[PDB]
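Student: Residue numbers (the UniProt record's numbering), protein chains in the order written: chain A, 1 to 311; chain B, 1 to 311. Note that CB positions come from ideal geometry on N, CA and C, so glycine has one too.
There are 2 protein chains.
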Amino acid sequence: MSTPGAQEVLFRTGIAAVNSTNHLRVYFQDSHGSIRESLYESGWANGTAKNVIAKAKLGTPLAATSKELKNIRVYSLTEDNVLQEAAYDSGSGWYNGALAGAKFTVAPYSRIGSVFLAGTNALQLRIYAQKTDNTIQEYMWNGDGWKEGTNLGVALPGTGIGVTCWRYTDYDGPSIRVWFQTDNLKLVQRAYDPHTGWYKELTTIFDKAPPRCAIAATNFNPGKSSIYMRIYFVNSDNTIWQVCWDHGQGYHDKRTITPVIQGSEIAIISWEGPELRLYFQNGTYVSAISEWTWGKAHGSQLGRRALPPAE
Amino acid sequence: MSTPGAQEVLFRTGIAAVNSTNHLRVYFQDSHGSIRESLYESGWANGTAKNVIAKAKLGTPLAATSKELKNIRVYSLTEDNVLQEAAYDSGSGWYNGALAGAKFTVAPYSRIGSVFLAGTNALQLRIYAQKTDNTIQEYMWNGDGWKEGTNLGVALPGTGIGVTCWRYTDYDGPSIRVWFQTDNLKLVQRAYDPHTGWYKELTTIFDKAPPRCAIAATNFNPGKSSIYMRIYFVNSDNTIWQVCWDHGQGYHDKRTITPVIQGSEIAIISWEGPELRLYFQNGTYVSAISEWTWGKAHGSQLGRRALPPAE
Ligand SMILES: C[Se][C@H]1O[C@@H](C)[C@@H](O)[C@@H](O)[C@@H]1O
Ligand SMILES: C[Se][C@H]1O[C@@H](C)[C@@H](O)[C@@H](O)[C@@H]1O
Ligand SMILES: C[Se][C@H]1O[C@@H](C)[C@@H](O)[C@@H](O)[C@@H]1O
Ligand SMILES: C[Se][C@H]1O[C@@H](C)[C@@H](O)[C@@H](O)[C@@H]1O
Ligand SMILES: C[Se][C@H]1O[C@@H](C)[C@@H](O)[C@@H](O)[C@@H]1O
Ligand SMILES: C[Se][C@H]1O[C@@H](C)[C@@H](O)[C@@H](O)[C@@H]1O
Ligand SMILES: C[Se][C@H]1O[C@@H](C)[C@@H](O)[C@@H](O)[C@@H]1O
Ligand SMILES: C[Se][C@H]1O[C@@H](C)[C@@H](O)[C@@H](O)[C@@H]1O
Ligand SMILES: C[Se][C@H]1O[C@@H](C)[C@@H](O)[C@@H](O)[C@@H]1O
Ligand SMILES: C[Se][C@H]1O[C@@H](C)[C@@H](O)[C@@H](O)[C@@H]1O
Ligand SMILES: C[Se][C@H]1O[C@@H](C)[C@@H](O)[C@@H](O)[C@@H]1O
Ligand SMILES: C[Se][C@H]1O[C@@H](C)[C@@H](O)[C@@H](O)[C@@H]1O
């Protein structure tokens, strides 16, 4: 039970997504290795072979980040496991970013996380990937070329990488949180705040997760020394689980959210409300990408059953 | 928790295996796309970058078949999704078989099943794969070049393909059984016997399985209108399940066997005893291949924890 379009979507494809409020873009890999863009603009569209923005190694990790939908960056691996960047800016179309020119080689099993730094009109990027020594390496662009940032230490080979960024309204710089899996299979957090920089502490957010389980995170409603974060990962019950940080309660909830196929990748986006949108494969038309939604109006509800090009 | 060697094994690699009694060969894909051979000769060895027999598309299906260990054939897909064949004959070493020359193009998500026809000294091959119309196509070599055999009809896009072959001691030709998954997610059997040829009947062996779950089969103790078959697949509980055919009882048992990683591929071999050996990934050193064994002496027992090159 599939469709011609759904068959084009790679099984266990990497998934990434960006948005400006409820204006959405979702990136995935097709069965021939091309990275495609589906979009939501008061309705779903595209995701076809005419909507290719990049070509990457089969089974590549995918990450994306944006400033609204004015600047979009999509990260993947070349067949030589070099980090590369597909870039879009308003009124310039899609092009190759400078990242690949830096020739950052990572482990073949590396994932990728990516954020624009929040709370500034400047375009500042932090990318996170896994080197062949299994450490999680930050790579950065601040208008003075691509270079290595901070190394966050050793993770499980092939760990998922979740990352989110915001700016506290009472701080003068960005806060970054990065989640990954350690050798003991725990899910942990590294943290960056202004002034303190990277905290030394690793915080456990889940005791045991499947090896190389997908990890994805978002945040909403930043305020005065306050944030709200959601981290998603694929658990051993073949569902996405959610971990909640809420100002006033800290890390205080772990729940299953929705079923997925074995080994599904995941992507999360959000906007103020909060509105949450989760993307994953749950077996709809075998290989189509499905959507899960959260909003105040209706709470947890499945969304678009089969993203373009499935139907 | 991994090892340098284990890290070389592709996560969710295709797996195939051949044997002459307890002389074993196991094939898998490394993280750079090369197909490697590990062997058991009174002890496990090889599986290193010096033990490459082929190069294939990343995430390729793998199938293998042999006449004892005198003739071995290993099947995979090129980056253009053409069926290709790595071949070994005693005292000739490894080489490229003629299969790729036939330019059989299949669906990007195609699996592969392969057998030498049993009960004859002749070298006769039947390969099974999935075309872009999602039908399961037989391809054959009988000493008059590669050509298409019988088409077995429509299967779920990306179905596992299990196949086994024997000769009844009271028949003058080979019997073939092929298992795959249909659109309704059932696991079914197609059957070939001498004279009758391919039976029209599809036999359900399992009511519902995960989409594109791995499927692998073996047989032992052929006799007078009698056979014993074992079919393995990855079930929704992230374990390999076994389905038993036994002469006198028919299809009469379904059981879990052993845990695997989400989306593990599987391979099965056997020899008279019966002795069974199952290969799969269960998360040992994250990406190492593990072994499960069955014999009369000790019944169900885990075998080699981490195949070469893991340790
Ligand atoms: C009716 Se809720 C609506 O929200 C939009 C932003 C998209 O996520 C749609 O897929 C969804 O149905
Ligand atoms: C004209 Se719709 C436009 O939206 C931009 C933000 C990008 O996502 C483009 O790929 C897309 O074509
Ligand atoms: C000047 Se276009 C520039 O944009 C930056 C934000 C980075 O994405 C670079 O890789 C890209 O070339
Ligand atoms: C002085 Se560049 C600085 O930027 C911070 C926001 C973090 O990304 C650090 O890792 C980095 O060294
Ligand atoms: C000491 Se900074 C603090 O920041 C919060 C938003 C969470 O990330 C906590 O885990 C962390 O300890
Ligand atoms: C008020 Se707690 C509430 O927060 C929402 C944003 C979602 O994450 C829900 O799953 C959660 O229960
Ligand atoms: C001690 Se049972 C023995 O059987 C051999 C044929 C191999 O399968 C070994 O891995 C296994 O330990
Ligand atoms: C000398 Se061991 C020998 O065994 C053969 C049957 C093949 O498996 C070869 O690849 C291997 O080197
Ligand atoms: C004469 Se070598 C020959 O062996 C046959 C059994 C097939 O495997 C052919 O593809 C191969 O070239
Ligand atoms: C006459 Se060729 C014959 O061989 C049988 C054993 C089966 O493989 C059939 O599919 C094939 O047509
Ligand atoms: C009518 Se042939 C018979 O052969 C047995 C070995 C099994 O494959 C049965 O499912 C099949 O019906
Ligand atoms: C005697 Se039934 C017995 O047969 C063995 C070969 C294995 O398949 C076992 O799992 C099964 O219970």
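Tell me where the beta strand (DSSP E) around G153 (chain A) begins and ends.
Tutor: Where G153 (chain A) is concerned, the enclosing beta strand (DSSP E) stretches over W146 to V154.
Student: So which residues of chain A does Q262 (chain B) contact, with C-beta pairs closer than 7 Å?
Tutor: Per Cβ cutoff of 7 Å: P210, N238, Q262 and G263.
Student: Please list, in chain order, all residues with a C-beta atom less than 5 Å from at least one heavy atom of ligand 2.
Tutor: Having a Cβ closer than 5 Å to some heavy atom of ligand 2 are A:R25 and A:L69.
Student: I'd like the list of long-range same chain contacts for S110 (chain A), defined as Cβ closer than 8 Å, with 5 residues on each side in sequence excluded.
Tutor: Counting only Cβ-Cβ distances below 8 Å, and skipping sequence neighbours, we find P61, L77, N81, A129, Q130, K131 and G158.
Student: With hydrogens ignored, establish whether the beta-carbon of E311 (chain B) is closer than 7 Å to any heavy atom of ligand 10.
Tutor: Because no heavy atom of ligand 10 lies under 7 Å away, the Cβ of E311 (chain B) does not count as near it: no.
Student: Looking at the structure shown, is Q189 (chain B) part of a helix, part of a strand, or coil, going by DSSP?
Tutor: In the structure shown, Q189 (chain B) sits in a strand (DSSP, three-state: E or B).
Student: Mind checking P222 (chain B): buried by the 16 CB within 10 Å criterion, or exposed?
Tutor: Buried is the call here.
Student: Distance cutoff 8 Å, beta carbons only. Does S290 (chain A) sit that close to anything in chain B?
Tutor: Cβ-Cβ to chain B under 8 Å: no for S290 (chain A).
Student: Run the proximity test for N22 (chain A): is its beta-carbon closer than 7 Å to any non-hydrogen atom belonging to ligand 1?
Tutor: Yes.
Student: Which residues, in chain order, does the stretch 146-176 of chain A contribute to contact with chain B at a C-beta distance below 9 Å?
Tutor: The stretch 146-176 of chain A vs chain B, Cβ under 9 Å: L156, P157 and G158.
Student: Between the C-alpha atoms of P274 (chain B) and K296 (chain B), what's the straight-line distance to the nearest angstrom?
Tutor: Taking the straight line joining both Cα atoms gives about 7 Å.
Student: What separation, rounded to the nearest whole angstrom, lies between the Cα atoms of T169 (chain B) and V163 (chain B)?
Tutor: Approximately 20 Å, taken between the alpha carbons.
Student: As an exercise, report each continuous beta strand (DSSP E) stretch of at least 3 residues that is fully enclosed by the stretch 248-294 of chain A, in chain order.
Tutor: Listed in chain order, they are 250-259, 267-271 and 275-280.
Student: Counting only C-beta atoms, is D207 (chain B) closer than 8 Å to chain A at any point?
Tutor: No, no contact with chain A.
Student: With H, G and I counted as helix, E and B as strand and the rest as coil, what does DSSP make of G93 (chain A)?
Tutor: Residue state, collapsed to three classes: strand.
Student: What ranges does the beta strand (DSSP E) occupy inside the stretch 164-231 of chain A, keeping only unbroken runs of at least 3 residues that lie completely in it?
Tutor: The stretch 164-231 of chain A contains these whole beta strand (DSSP E) runs: 175-181, 187-193, 203-206 and 215-223.
Student: State the DSSP-derived secondary structure class of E79 (chain B), mapped to helix, strand or coil.
Tutor: Coil at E79 (chain B), not helix or strand.
Student: Please name the residue, chosen from A:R25, A:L58 and A:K50, that lies closest to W44 (chain A) on a Cα-to-Cα basis.
Tutor: Among A:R25, A:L58 and A:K50, the Cα nearest to that of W44 (chain A) is on A:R25.
Student: Taking only heavy atoms of ligand 11 into account, decide whether any of them is closer than 7 Å to the Cβ of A191 (chain B).
Tutor: Checking every heavy atom of ligand 11 against the Cβ of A191 (chain B), one is found closer than 7 Å.
Student: Alpha carbon to alpha carbon, how far is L276 (chain B) from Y40 (chain B)?
Tutor: Near 14 Å, if we compare the C-alpha coordinates of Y40 (chain B) and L276 (chain B).
Student: Relative to the alpha-carbon of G149 (chain B), which residue among B:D172, B:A155, B:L125 and B:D133 has its alpha-carbon at the smallest distance?
Tutor: Nearest of B:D172, B:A155, B:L125 and B:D133 to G149 (chain B), Cα basis: B:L125.
Student: Would you kindly work out how many angstroms separate the C-alpha atoms of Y192 (chain A) and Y199 (chain A), rounded to a whole number?
Tutor: Near 6 Å, if we compare the C-alpha coordinates of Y199 (chain A) and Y192 (chain A).
Student: Does chain A have any CB closer than 8 Å to the CB of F11 (chain B)?
Tutor: Yes, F11 (chain B) counts as interfacial toward chain A.
Student: Give the single residue among B:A306, B:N282 and B:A87 whose Cα lies nearest to the Cα of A54 (chain B).
Tutor: Per the Cα distances, B:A87.
Student: Might you give, ordered along the chain, the residues of its own chain that have their beta carbon closer than 6 Å to the beta carbon of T203 (chain B), omitting 5 neighbours on each side?
Tutor: Counting only Cβ-Cβ distances below 6 Å, and skipping sequence neighbours, we find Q189.
Student: Looking only at DSSP bridge pairs, what is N22 (chain A) linked to?
Tutor: Paired residues: none, contrary to the question.
Student: With distances taken from CA atoms, which of B:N151, B:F116 and B:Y285 is nearest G197 (chain B)?
Tutor: Checking every option, the nearest Cα to that of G197 (chain B) belongs to B:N151.
Student: What are the boundary residues of the beta strand (DSSP E) that includes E41 (chain B)?
Tutor: Element bounds for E41 (chain B): n/a, residue is neither H nor E.
Student: Skipping 5 residues on each side, what residues in its chain have a beta carbon closer than 8 Å to that of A100 (chain A)?
Tutor: So the list reads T78, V82, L83, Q84 and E85, once near-sequence residues are dropped.
Student: Just to confirm, does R277 (chain A) get its C-beta within under 7 Å of one of the non-hydrogen atoms of ligand 1?
Tutor: It does: the Cβ of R277 (chain A) is within 7 Å (strictly closer) of some heavy atom of ligand 1.
Student: Compare the C-beta of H32 (chain A) against all C-beta atoms of chain B and say whether one is closer than 8 Å.
Tutor: Yes, its Cβ sits closer than 8 Å to a Cβ of chain B.
Student: With burial defined as no fewer than 16 other Cβ atoms inside 10 Å of the residue's Cβ, what is the status of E272 (chain B): buried or exposed?
Tutor: Under this definition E272 (chain B) is an exposed residue.
Student: Can you find a CB in chain A that lies within less than 8 Å of the CB of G5 (chain B)?
Tutor: It does not: the Cβ of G5 (chain B) has no partner Cβ on chain A nearer than 8 Å.
Student: Going along the chain, which residues of its own chain have a beta-carbon closer than 7 Å to the beta-carbon of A63 (chain B), five neighbours each way excluded?
Tutor: If we look at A63 (chain B) and ignore the five residues flanking it on each side, its Cβ neighbours are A16, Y75, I112, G113 and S114.
Student: Taking the alpha-carbon of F220 (chain B) as reference, which of B:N235, B:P4, B:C165 and B:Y139 has the nearest alpha-carbon?
Tutor: Comparing Cα-Cα distances from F220 (chain B) to each of B:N235, B:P4, B:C165 and B:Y139, the minimum goes to B:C165.
Student: Check the Cβ of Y109 (chain A) against every Cβ in chain B and list those closer than 8 Å, keeping chain order.
Tutor: Within 8 Å Cβ-Cβ: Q7, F11, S31 and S287.
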